[PDB]
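Here is the naming used below: chain letters follow the sequence lines, and residue numbers restart at 1 for every chain. FYI, side chains are in, hydrogens and waters are out, and symmetry mates aren't considered; it's all heavy atoms of this structure.
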Protein chains: 4
Amino acid sequence: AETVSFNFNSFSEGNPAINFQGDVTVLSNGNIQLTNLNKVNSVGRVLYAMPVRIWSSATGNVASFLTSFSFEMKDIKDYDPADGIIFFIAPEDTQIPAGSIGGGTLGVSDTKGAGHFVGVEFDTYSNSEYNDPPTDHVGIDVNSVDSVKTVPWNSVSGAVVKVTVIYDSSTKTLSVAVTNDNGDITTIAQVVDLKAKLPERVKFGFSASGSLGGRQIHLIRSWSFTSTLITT
Amino acid sequence: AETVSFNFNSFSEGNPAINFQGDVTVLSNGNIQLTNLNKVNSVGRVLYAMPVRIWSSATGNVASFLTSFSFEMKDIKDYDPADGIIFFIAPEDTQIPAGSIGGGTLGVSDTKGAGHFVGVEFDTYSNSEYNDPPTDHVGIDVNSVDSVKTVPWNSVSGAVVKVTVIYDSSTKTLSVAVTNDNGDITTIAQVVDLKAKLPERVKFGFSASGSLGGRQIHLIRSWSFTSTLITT
Amino acid sequence: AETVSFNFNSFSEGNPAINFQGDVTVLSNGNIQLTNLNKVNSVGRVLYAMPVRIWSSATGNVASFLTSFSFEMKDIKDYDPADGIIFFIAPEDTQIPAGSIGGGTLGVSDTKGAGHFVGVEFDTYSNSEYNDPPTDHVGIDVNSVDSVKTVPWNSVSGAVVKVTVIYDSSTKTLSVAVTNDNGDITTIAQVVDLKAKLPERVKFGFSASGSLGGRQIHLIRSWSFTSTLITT
Amino acid sequence: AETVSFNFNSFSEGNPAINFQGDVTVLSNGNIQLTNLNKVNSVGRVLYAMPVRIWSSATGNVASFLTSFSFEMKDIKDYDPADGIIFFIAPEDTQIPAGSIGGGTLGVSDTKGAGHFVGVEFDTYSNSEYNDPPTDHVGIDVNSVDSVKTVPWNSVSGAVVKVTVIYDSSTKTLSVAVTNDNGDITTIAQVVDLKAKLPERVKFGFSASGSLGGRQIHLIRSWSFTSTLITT
Ligand SMILES: [Ca+2]
Ligand SMILES: [Ca+2]
Ligand SMILES: [Ca+2]
Ligand SMILES: [Ca+2]
Ligand SMILES: [Mn+2]
Ligand SMILES: [Mn+2]
Ligand SMILES: [Mn+2]
Ligand SMILES: [Mn+2]
């Protein structure tokens, strides 16, 4: 079997294993900060620099994966805490959309909310234009920030959030468990055919954005991942 | 919301949080050993002592849960490495079935392979009587050791195995990710309606068994669990 | 080490993690109401359902613990605001004393004020029979409602009170910090040998009581707890 | 009564309520970073800018206090994770000792380990010169980094640690509870006469230090405090 495995307890600027896109910076504590607090429509993304073969054109096999990450969103004086973080999967040539308005697009889509990606968003602002639910939510996105499905959630300022994601290739099920600061678990699962929506090789990463008035601290603290594709 | 959360990095005799059933012992290193290597048809089970309310007859709501555990199965000289471990959910009054033949029943079912439980088995012996697949496998079980679904797997003697399980109440999806010693991941997912198959109050635990000729070391090394039931 | 940890932001009926004794009810807002406003000598107690092993006869080790809770006491028309709330520790077989007169006994002692428990009382009525100080007080209780020690305090009707308790096993010190509505902090500390006064396995909880003419609303709003016992 | 109360969910270098000493920086996420990772013998300290009256020469009364804070220590590549954080109380004119060698002095003492302060250290290096215990430990310091008392502890890289401290003026007891990432609680308590060891007016804060080969990220995430001194 073909397996991709890695673990980041911290991050650093001089690490070729990560592609840094847009306004992302690495803080002295090793945290990735995705958006620039002093920029309008800020967008910042990080990607695991090695493309991952999620499906084989020879066998038709689709990989399963297990991934865990931790993040923190923190309010900043005067700005509206927005827009949130998205854990996403996209073609290996993925870049921040040209002329990105940031905000509700979460740095992965155009103004109409369309793009080429599969993601799990932690959305802290209700965009009517993308049919967002009225509160903070976790969503399963398929080529759109108009989520295929959402679950109510609560983004606690300054709280460290833990996420575990399982993708089971046989049932095509993407399952997400989010561990909040108050101890409660939030789950969301959706059937997503990764072989039908994405190319053979993809890149995994994180994206976050802001607007003129909507800004907040978006931090990626740690990330572990394992994918396994059967080669028989 | 109503949440049950615990974490065991080790275990001890006299820990009121754990109910010991049958041939279970606690080793000096803190590991739980489920079967007795010198006993015929040995059966040992451990349960989290507090009943967990997984669903409520008042609201119709079903809890979601996230649980992780680590185990080890090790061969012993002359005996056939058998029969495996099952992570299970059962009515709060659950006991080893009366007259248990151990073996392929994994300590949760009768001779015909029937019982009252939901589980994830790590099966190391092919029982034709329970329509087991020909190799080692991970199975999803619903009131039977004749699995609703299985996935090929490989039980490596002396290897520490990590498991992560997500139960998403809205989709009724039980998703399982198994991390092997060689780095590869194995996944299996099944829609299981816990509200239809189990009572409101349950016990969670582990069970392992052996036969006359089939015996092996079955160890539970660690266990973390979080369940959250929306109360409204 | 052996650790018991939990966190309640709210409560619910049917939560098997909590034992309800006597006149306890759960309000629609999730608060626990300990006494029945229409009953004479009302006594209601809530216990964390799992016994806690606070010490071991094998090693001689005693657990340390950290616990925080919030409560509210509110006056009702015509009745004298009485009798108060007690955070207590008692043998795992603990029940409301048979023939309890409620009142100044706080639901943990007999008419003479004796019982088998260790507690922290938030006393709102001066019972000369138990040598109560002349004003409202926080007291540390060892097998008696005739406190080993008290500190003057003020119970403000309708005010949410925050309490933090630390038990340090090495010094056997029970330290209490009470955060009043007016912003001031009240503290009280006492050396209490839990290994000498209580059995190995105990239950933690809250109790409140009233008399014929002494009735008030006694609410438990939240409760977090962590205990850790060093094991061989 | 005279009460000092404050709460910091975040910090800013621009704000006048905090005094910054030495190599401290404020990160964009609002965390205080006490040591400079690129400097030999780095020392950084923070203090609540307003002096707090802990005792009175007129009445002889001593204040009680409740304080909670959260921190994080994280390993860096190619350096020994050292030396730790100290929560300290000192005269209002307190400054980093002149010619500070950092390291085992934790930025509060001279080379011999002596200074004018009362503190709670989270020490991650064993200095034989200060009679440190062999492992990581929490200690109660009185004018010396040769702790009056210690308790074994474990500093987990990248983990958020929660601390609660109660000072009870009547018993002169300083009680500390430390909540670890593995779930366990660690406690330490010591009788410390603040009137005898410190002036009437003091400053509260945090200090951390490194050496040539001993460096690590030292972060202060949040801090709440309440002190009350009886003026009658
Ligand atoms: Ca949005
Ligand atoms: Ca079998
Ligand atoms: Ca009384
Ligand atoms: Ca040291
Ligand atoms: Mn959304
Ligand atoms: Mn099987
Ligand atoms: Mn009293
Ligand atoms: Mn030390």
Can you tell me how far [atom2] of [Y] sits from [atom1] of [X], rounded to the nearest 0.5 angstrom?
X	Y	atom1	atom2	value
D:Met73	D:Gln216	CE	CD	5.5 Å
C:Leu198	C:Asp193	CG	CG	10.0 Å
C:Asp123	C:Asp132	CG	CG	4.5 Å
D:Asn154	D:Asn182	CG	CG	7.5 Å
D:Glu92	D:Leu47	CD	CG	11.5 Å
D:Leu66	C:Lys162	CG	NZ	10.0 Å

Taking only distance into account, with no hydrogens and no angle test, what donor-acceptor pairs under 3.5 Å do side-chain atoms of residues 203-211 of chain D form with protein atoms, sequence neighbours excluded?
{"residue": "D:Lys203", "atom": "NZ", "partner": "D:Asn19", "partner atom": "OD1", "Å": "3.0"}
{"residue": "D:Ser207", "atom": "OG", "partner": "D:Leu106", "partner atom": "O", "Å": "2.7"}
{"residue": "D:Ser209", "atom": "OG", "partner": "D:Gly103", "partner atom": "N", "Å": "3.4"}
{"residue": "D:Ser209", "atom": "OG", "partner": "D:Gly103", "partner atom": "O", "Å": "2.6"}
{"residue": "D:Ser209", "atom": "OG", "partner": "D:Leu106", "partner atom": "N", "Å": "3.3"}
{"residue": "D:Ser211", "atom": "OG", "partner": "D:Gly214", "partner atom": "N", "Å": "3.1"}

Okay, side chain of [X], backbone of [Y]: is any donor-acceptor separation there less than 3.5 Å?
X	Y	value
C:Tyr167	C:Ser227	no
C:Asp168	D:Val176	no
C:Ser169	C:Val62	yes
D:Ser126	D:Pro133	yes
A:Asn180	A:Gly183	no
D:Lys74	D:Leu219	no
D:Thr135	D:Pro152	no
D:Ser157	D:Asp75	yes
D:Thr173	D:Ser175	no
C:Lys195	C:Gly60	yes

Can you name the closest pair of heavy atoms from [X] and [Y] and give their distance?
X	Y	value
D:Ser109	D:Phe117	CB-CE2, 4.3 Å
D:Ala177	D:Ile185	CB-CD1, 3.9 Å
D:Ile188	D:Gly139	CD1-CA, 4.3 Å
C:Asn61	C:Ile230	OD1-O, 2.9 Å
C:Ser64	D:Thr187	OG-OG1, 2.7 Å
D:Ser100	D:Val43	OG-CG2, 3.5 Å

Residues passing the side-chain hydrogen bond (donor to acceptor under 3.5 Å, both in side chains) test with D:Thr150, sequence neighbours excluded, are none
Residues at least two apart in sequence or cross-chain that pass side-chain hydrogen bond (donor to acceptor under 3.5 Å, both in side chains) with C:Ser170, listed by chain then number, are none
### Message
Show, in sequence, the C-alpha distance, side-chain angles and deciding distance for D:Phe20 and D:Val26, and conclude whether the side chain to side chain contact (heavy atoms under 4.5 Å, CB included) test is met.
### Response
CA-CA 10 Å; D:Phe20 296 92; D:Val26 174; 3.7 Å; yes
Passes side chain to side chain contact (heavy atoms under 4.5 Å, CB included), D:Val160 versus A:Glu72? Steps please. CA-CA 12 Å; D:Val160 175; A:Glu72 187 191 321; over 6 Å; no
Sorted by chain and number, sequence neighbours left out, salt bridge (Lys or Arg N to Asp or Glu O under 4.0 Å) with D:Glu200 holds for none
Whether over 12 other heavy atoms sit under 6.0 Å from D:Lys77 NZ: yes
- Query: How about C:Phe225: does its CZ atom have over 12 heavy atoms from other parts shown lying under 6.0 Å from it?
  - Reply: yes
Is any side-chain heavy atom of D:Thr164 closer than 4.5 Å to one of C:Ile166? yes
request  = Name the orientation class of the two ring planes belonging to D:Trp223 and D:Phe8 (parallel below 30°, tilted from 30 to 60°, perpendicular beyond 60°).
outcome  = parallel
Between D:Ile89 and D:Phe65, does the side chain to side chain contact (heavy atoms under 4.5 Å, CB included) criterion hold? Intermediate values first, please. CA-CA 12 Å; D:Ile89 325 167; D:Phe65 65 78; 4.1 Å; yes
Applied to residues 9-27 of chain D, the salt bridge (charged side-chain N to carboxylate O under 4.0 Å, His left out) test, sequence neighbours excluded, yields D:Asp23-D:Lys39
Here the salt bridge (charged side-chain N to carboxylate O under 4.0 Å, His left out) pairs for residues 96-105 of chain D, sequence neighbours left out, are none
Begin with the C-alpha distance, continue with both residues' side-chain angles, and end with the deciding distance and a verdict on side chain to side chain contact (heavy atoms under 4.5 Å, CB included) for D:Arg45 and D:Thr94. CA-CA 10 Å; D:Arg45 329 199 307 186; D:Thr94 192; 2.8 Å; yes
The single option from C:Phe88, C:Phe71, C:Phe87 that satisfies ring pair (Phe, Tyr, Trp, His ring centres under 6.0 Å) with C:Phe122 is C:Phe71
